[PDB]
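[1] Pasting the sequence and an experimental structure:
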Amino acid sequence: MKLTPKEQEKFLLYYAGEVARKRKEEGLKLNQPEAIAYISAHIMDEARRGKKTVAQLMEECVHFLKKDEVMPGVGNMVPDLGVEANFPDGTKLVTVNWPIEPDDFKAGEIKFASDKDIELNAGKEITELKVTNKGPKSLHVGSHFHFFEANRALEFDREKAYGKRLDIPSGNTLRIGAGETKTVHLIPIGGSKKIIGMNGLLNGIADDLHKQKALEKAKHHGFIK
Amino acid sequence: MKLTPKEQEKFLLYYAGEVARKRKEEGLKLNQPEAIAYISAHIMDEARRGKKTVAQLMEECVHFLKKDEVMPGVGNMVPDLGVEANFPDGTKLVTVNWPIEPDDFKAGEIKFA
Amino acid sequence: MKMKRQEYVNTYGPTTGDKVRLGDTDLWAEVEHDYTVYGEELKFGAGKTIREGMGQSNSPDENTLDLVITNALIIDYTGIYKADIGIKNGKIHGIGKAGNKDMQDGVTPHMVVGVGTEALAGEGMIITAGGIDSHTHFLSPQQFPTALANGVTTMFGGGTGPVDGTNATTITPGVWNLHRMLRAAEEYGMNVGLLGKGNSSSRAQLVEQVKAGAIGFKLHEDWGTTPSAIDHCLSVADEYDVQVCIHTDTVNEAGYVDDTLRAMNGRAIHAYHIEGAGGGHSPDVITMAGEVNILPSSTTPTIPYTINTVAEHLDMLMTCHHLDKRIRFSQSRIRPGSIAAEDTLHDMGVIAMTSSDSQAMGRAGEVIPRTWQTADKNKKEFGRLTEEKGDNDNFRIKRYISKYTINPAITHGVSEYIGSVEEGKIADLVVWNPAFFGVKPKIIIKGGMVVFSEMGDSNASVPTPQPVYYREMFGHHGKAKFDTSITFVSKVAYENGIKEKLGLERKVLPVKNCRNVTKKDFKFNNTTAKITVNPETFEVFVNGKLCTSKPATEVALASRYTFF
Amino acid sequence: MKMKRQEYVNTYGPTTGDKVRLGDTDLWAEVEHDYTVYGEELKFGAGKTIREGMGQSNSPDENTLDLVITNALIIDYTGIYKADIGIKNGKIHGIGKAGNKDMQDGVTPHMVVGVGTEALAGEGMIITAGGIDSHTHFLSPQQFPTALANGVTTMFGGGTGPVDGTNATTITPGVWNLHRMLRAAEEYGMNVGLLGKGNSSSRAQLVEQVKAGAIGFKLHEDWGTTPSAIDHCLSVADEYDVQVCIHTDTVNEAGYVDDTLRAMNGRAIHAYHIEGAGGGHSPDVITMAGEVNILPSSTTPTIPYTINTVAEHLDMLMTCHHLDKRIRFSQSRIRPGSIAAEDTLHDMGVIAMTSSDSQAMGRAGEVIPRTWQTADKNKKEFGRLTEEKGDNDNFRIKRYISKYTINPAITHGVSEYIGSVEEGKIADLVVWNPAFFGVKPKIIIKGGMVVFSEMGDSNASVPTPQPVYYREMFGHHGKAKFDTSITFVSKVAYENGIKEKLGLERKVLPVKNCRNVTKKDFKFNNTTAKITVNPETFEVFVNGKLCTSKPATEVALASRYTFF
Ligand SMILES: [Fe+3]
Ligand SMILES: [Fe+3]
Ligand SMILES: [Fe+3]
Ligand SMILES: [Fe+3]
């Protein structure tokens, strides 16, 4: 047989699916592991039959188990499911979003203090700036990237972006499509404003003293046209 | 699924129970491990249905397998059986005394002087 | 900029004032404080915060963290708050706001995220200390994966393996057996500490054991828990700063409960299965829990009190102790009264710890679920604690978490190293998804490394595909396990080079400050009272008021999560 | 005497001119030469050749082999020929004709079969070098058995375990984490090499990591792959003779592909997932593959291009990177163009290596099957290569085998030790049954010992009874694993006693000659071209001609061999 360690895993998953099937046939509402194994075994079966595409299965398995076919809170506990199976074209990953239909019960439920919005970067002075991606390809810029050092494809008043970053949620990026024009909101960088790296236009404190040197380096390197 | 090493053990026990059930259906007299797994799987099934108490199951499982349903000496070899299962009130230990009905054959019998 | 509350919570997890449901229980944890600066939160990923010269510093710093647990919701006796956790040199380096002071406001000075920092996203996760199971019977090495899979990182107790002595008692008796077990311990990821045989009316035999590496002694009735034994054992423990654990004289052969208490003479002692079903003076052992010097714990089978608890025991006692089938009952009248009271005593902070009694009248991977099932049961029966401030169960949560984290650590003399989420302590932490809190952990960190975690298909294109099950990680393997695991010993053994002498490669640390830990020393479970048992009705009384609880028909953190 | 051709082949395997089908593919390996003397072939068994004073010498010799692999069909970049392979002191001692010169003609002088020689029958088997997986995310120790079961003996990459940083990047960051992982490595049978975080615009933080044992650096976007970090990283790598691996700026934040290429400044760099689905400058990362200094590799999910490749990715990208469900597409137009081109580029020798991206958008035990599935797909599409001389696919075979054996070894500075079936190299070999070539190996030899193999019932009267599954052998256990496994480090670390200092018992060897490896240095994959991408159609072009392939509806080495 030459059973690989991954094949040995799949036997257990498949057997768990078979036990879950038996319990559903008995009329029992399936729990979290039973529900996952029941859907996993279906995917593994269809893959072996090699008549359905990954695309077909991803669609077919949404709400494969209905809210009344599982215990309360099971649907919300499993927002997505992933199962690798061998298809005629090889092993492919079947990714299902909402495999089990949710209900009103939620384990690990978060109840907010207030529905009021969170004021991020509070008290920082906003700078409105028009930017144009004159490049042939779209690009994104992160929340903490030194805006002044962004891809030379971006056309904007760089002097006004010196020592500033995007006033967007931490970890988010702003997209500027090829040819697209946008109004960005910039705020001054926190801490000491010791900008080291990126495009190396600054590599030091973003003070007035470093500004002329930084603008000259930006012009020389093609960021300022 | 987040399967604990104890859940992986129970799958083997449950599958052994399912194989034993198949063999009994074929009309074969069950041996020592088959008999234990057959009774264990029944307990595991009833616990999941969550309609019977531990007290009920302990009583129900005495002579669950009859002397003619197993090989000779099997009952004597298994004087008691224990199986932990999840009930609606949590994991509980089901303890059965004389789960398999004994016959007059005794492996490892002590004969007094 | 103004961010929608739902979007903030999805991205960074809950903030100040938000309430989190613990698993499928009715317990609500409220974020007491958030240590972040809104807009400066760390996020890992493509185009995110933790990047060269941005959230990640380019400036070298002596406090560059080895690991950062971003946007964690800490649940500990110290508080229920939101913070970034910084690990360095396998210890909790800092708790607060991590990042780069060069580009960010409000960064905790000793929480530098730099080139050498690894990232772990804790946004929307609950971070707790690793559990300490102070009632381990070292019966089977297979208990260790089961324990880790249930958030337990440290195990105190004793054994030799599947032999009658161990099967019954947490005892690794004598020098040779202690040396053998301490050398066997090298194999595992679990932190260990061994107890020797305290059942002696002779000094020499007790001293030999402490010097052999024992972290204390177990006095167990199977070796005779007589008043002479109790006194001799405590005398040696006092001399050597080690803990004593006790399973009292069930049959009241040499005396009653008061005779045992008298023998102890106000000396520090850890009372196992205080309720008495697990063993001890019938029917009044529970009365010991009221005493200041008594450090009491509970074993998993009696917590919470369910409709099947009594039935299960009236047979589970016969398999463990190997009793005649002629014996039917006494336990049928004695047991309901004390099992019920025990749950309320936990809620009152009278019983300070929860333990397992693993494969010896108790379950290895059940300490954590059963503690939260009891917390939930009481909340459901008695309602929100009067002690609570606001629409939350923070006080109850803190009372219950202390039972398996800090309080066992205080009892065994390891509170300076482990037991809680505090700066300076060893990084033995557990990451939980709130929907699975108390039932199924995500990641187990020991000594700053991941040692055990839930993991999917080994071949798979991502770590999520099925079957997802618990597996050993890098910190549990090779010579890295010697860097992440601790073998606790007595000060005498430690100071006399037990590590070198036994050729132990694991971290060897001494247990210290065991002798002067009273009820007053615990966290959220310092309650002392006059506990009495009616010798006719078997009802339990706390200062003259009937102490009881109703049996549960169903429990939380059970049926929804398990296959079998 | 005249022996019937069918009888010869049954007894000794194929000879000069015979063609072997590789698995169920349409690839035919032709025996280029046979090093035997007809009538003098070695056969092991009762009444056979290898016997005292006959095929086995009684004359002591300094070149007495420790192991003889009789009548092997070698498949390597060095050639596809028939020869006996001789192992001595865990190295390939000789390749040619083994035996006893006292009783036989044409014996290779340093290939003495004697009293101390063990026999392994290779008659009718294919012998290849152990695969090198240069893109490993050290996420789970369970990847190792999966890898070995697929003919992979060496793994280069990074990680701390299942932490977000590793889930996304092949980085073991900083001194403490590097030391911890190198010590964890002791556990395994797999040869390892760790990469530190290259994403730094500061020298000190990079230098610390090389000195801590890193074999190189990985520049990943999640940590910020800016031109500053590219330059600083390469500068330190050049100083310390270590390799650099790159996952480019997908979002084009600090520049376009040409800006990244300019930052590299013609310096040697290993460009991971060159196609771009695994990550990198959208939509033109693939254009880098044409450059001489760029050492390109492909990851498993995009090779071969199938009818399910695109569908699988448009979701696999969302689980790995943890993206919002609001995000639907861009990848639906960009991806077909580059995924298709990628397969063609492999057949042209433009992409030099195959890797995995294990549990981080790629499969651990798929490098070898997927390489051969692509070779087969292209043979079925484009036909027999014009480069072939005879009714065989030898040149194509040599081009493809180099992708996972020799070319990763050249890139990482380990080509002098491992990578090919050559005299003097370490005996890291894989024995294959032709019917299972590329899908299921028979025996895995590491450092001259069998470490892993397909094995039947442990109780069974012979090794063949069912269930036959992959199991660890003696070479993978005890202190013998320290004799058969290598932990690769930098020269600086090696020369400064990292082995002793970290107490590593494994073989510790330095990586050398990384900085001056260009495309010209590879074996059978030295092709440089002008690769372009239309920014509107996303079509890839090689020297102005569209570079494309058709998606496969079914692949070889799959459905016939696997249960699930
Ligand atoms: Fe006890
Ligand atoms: Fe006990
Ligand atoms: Fe990548
Ligand atoms: Fe990768």
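    Right, received. Where do you want to start? Numbering: from 1, shown residues only, chains lettered A, B, ... in the order given. Ligands and ions are numbered 1, 2, ... in the order given.

[2] what comes into contact with stretch C:507-516?
    Contacts with stretch C:507-516, where a contact means Cβ atoms under 8 Å, 6 or more residues apart in numbering or on different chains, come from C:193, C:215-216, C:237-238, C:241-243, C:267-268, C:411-417, C:447, C:482-483, C:485-491, C:493-495, C:498-499. All C-beta spots, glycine's among them, are computed from the backbone N, C-alpha and C.

[3] ok, 7 Å please
    Defining contact as Cβ atoms under 7 Å, 6 or more residues apart in numbering or on different chains, one finds that stretch C:507-516 is touched by C:193, C:215-216, C:238, C:241-243, C:268, C:412-414, C:417, C:485-491, C:494, C:498-499.

[4] centroid residue for chain A?
    Central residue check for chain A by Cα atoms, centre = their mean: the C-alpha nearest the mean position is that of residue A:172, 9.8 Å away.

[5] can you give me the helices for the stretch 351-500 of chain C?
    Using DSSP state H, counting those that start in this stretch, the helices of the stretch 351-500 of chain C run over C:367-382, C:394-404, C:406-412, C:480-484, C:491-495, C:498-501.

[6] Figure out which of those is closest to residue D:300.
    Taking Cβ to Cβ as the criterion, helix C:480-484 is the member of those that comes nearest to residue D:300, at 27.9 Å.

[7] Whether the closest one contacts chain D - can you check?
    Yes - contact of helix C:480-484 with chain D (Cβ under 7 Å from any Cβ of the partner chain) involves C:480, C:483.

[8] tell me the most buried of the helices of the stretch 351-500 of chain C?
    helix C:406-412 (a mean of 27; mean count of other Cβ atoms under 10 Å in any protein chain shown).

[9] Not counting its own residues, what contacts it?
    By Cβ under 7 Å, 6+ apart, helix C:406-412 touches C:77, C:132, C:134, C:156, C:193, C:215, C:243, C:270, C:295, C:352-353, C:415, C:418-420, C:511, C:514, C:517, C:521-523, C:525.

[10] then it to CSV, C-alphas only?
    Provided in CSV are the C-alpha atoms of helix C:406-412 (Å, rounded to 0.1, in the frame of the first residue of the first chain):
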residue,chain,number,x,y,z
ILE,C,406,-1.4,30.8,41.0
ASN,C,407,-2.7,29.0,44.1
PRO,C,408,-1.0,25.6,43.2
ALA,C,409,2.2,27.6,42.5
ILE,C,410,2.1,29.3,45.9
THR,C,411,1.4,25.9,47.7
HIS,C,412,4.4,24.2,46.0
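
[11] which ones are touching residue C:538?
    C:283, C:333-334, C:337-338.

[12] Where does chain C get nearest to ligand 3, residue-wise?
    Closest residue of chain C to ligand 3, Cβ to the ion: residue C:46 (9.7 Å).

[13] burial count for the residue lying closest to residue C:264 once chain neighbours are set aside?
    Of all residues not flanking residue C:264 in the chain, residue C:230 sits nearest, at 6.1 Å (Cβ to Cβ, 6 or more residues apart in numbering or on different chains). Residues near residue C:230, counting by other Cβ atoms under 10 Å in any protein chain shown, number 29.

[14] what's the helix or strand harbouring residue C:230 in contact with?
    For residue C:230, the host element (DSSP states H and E) is helix C:227-240. Residues outside helix C:227-240 that contact it (Cβ under 7 Å, 6+ apart) are C:198-203, C:206-207, C:210, C:216-217, C:219, C:243-244, C:254-255, C:259-260, C:263-264, C:267, C:269, C:490, C:492, C:515.
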